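Here's a solo chain for you in structure tokens, the form deposited in one PDB entry.
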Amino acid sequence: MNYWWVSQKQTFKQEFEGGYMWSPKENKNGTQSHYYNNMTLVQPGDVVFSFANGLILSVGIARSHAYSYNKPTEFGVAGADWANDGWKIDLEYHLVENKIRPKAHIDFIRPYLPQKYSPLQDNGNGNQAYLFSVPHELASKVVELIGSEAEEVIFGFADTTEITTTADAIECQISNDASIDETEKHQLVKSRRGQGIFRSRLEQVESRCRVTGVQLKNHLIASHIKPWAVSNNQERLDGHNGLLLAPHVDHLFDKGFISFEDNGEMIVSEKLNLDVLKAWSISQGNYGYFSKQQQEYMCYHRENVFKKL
């Protein structure tokens, strides 16, 4: 996942109200722009800080690649000098209550500014250009200054999108793989959604939500332990590579906010706000031993899915 800084002093209200970013493809004289070319590098799930009137106003999530699109008519005189031939990105804005003024924090962030194409000068004044790459270390400082609301956009939210993209591509690969028969293809695709033979096989091993004890089939998700995306075709259909979980517990486990020790002890991520467990009446403690086959997968989950600092 990549971080971006979009400078929107001229058109913030229009871009926010429309849920987009927009730049020309080229400078007015037809020359290439590093900044406009950055539009073609943004991936769905990338985090974009909106900078306008000296403040960071939004921690946004990109929801498209750049697509060819005309300059928004609603820019009017404020956009007069930009070429009509442009790039648009659908940007899911998340307004923040703590609107940080980066210039007021320049001593803190200066060491983390990139050598080339920095959104800020060393005195903390913004550079006049549209879209800048933000190194991960600079992004972590900005997130520290904004506070919880910035973390809430990223962890188990923005950073899940690239995982979904990867899984979508694998589903396409399976659908086109000549080495596997039609039934296999169907069962592998259905297992991604906790359906088909995977669910029936999991029901031979597990009978209830580990955490909430609910036994009712219509209130339980068939979750993989080792994620579907990184599982081989045998592991994708293995009844021992799963848990039946209530939907909120599936959410916490699938994203790595929680995991389990082999003896069933719940492990809570530093990235899980403990107010969530209080609000949903989920206790820390022991949720029963896992089988040796389940333990192999749960080891993968602890080492690769569980969120650690």
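Throughout, rigid core stands for the largest set of C-alpha atoms superposing within 1.5 Å between the two forms. Only residues modelled in both forms are compared. For every residue, the number given is its place in the sequence shown, counted from 1.
In all of the other compared structures of this protein with flanking residues present, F108 is modelled, so it falls below the one-third mark for missing coordinates. Across the other PDB entries of this protein whose models span the neighbouring residues, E92 is modelled without exception, so it is unmodelled in far fewer than a third. Higher mean CA temperature factor between 37-45 and 256-264: 256-264, per the PDB entry. Comparing 68-76 with 178-186, the higher mean C-alpha B-factor in the PDB entry belongs to 178-186. Ranking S23, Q10, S291, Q14 by Cα temperature factor from the entry places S291 first. Based on the entry's C-alpha B-factors, the most elevated value among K116, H94, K99, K103 belongs to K116.
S133: CA B factor lies in the lowest third for its chain, per the PDB record. When the modelled residues of the chain are ordered by their C-alpha B factor, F155 lands in the middle third. Among all modelled residues in this chain, the alpha-carbon of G213 has a temperature factor (C-alpha) in the highest third.
Sort the modelled residues of the chain by CA B factor and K28 lands in the highest third. When the modelled residues of the chain are ordered by their C-alpha B factor, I61 lands in the lowest third.
Below: the form deposited in another entry, not depicted.
No residue in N176, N123, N218, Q128 other than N176 shows a CA shift of 2 angstroms or more between this form and the one not shown after fitting the rigid core. Annotation for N29: C-alpha shift of 2 angstroms or more between this form and the one not shown, rigid core superposed.
When the two forms are fitted on their rigid core, the residues between this form and the one not shown that move as runs of three or more, each C-alpha shifted by 2 Å or more, fall in 27-32, 74-77, 175-180.
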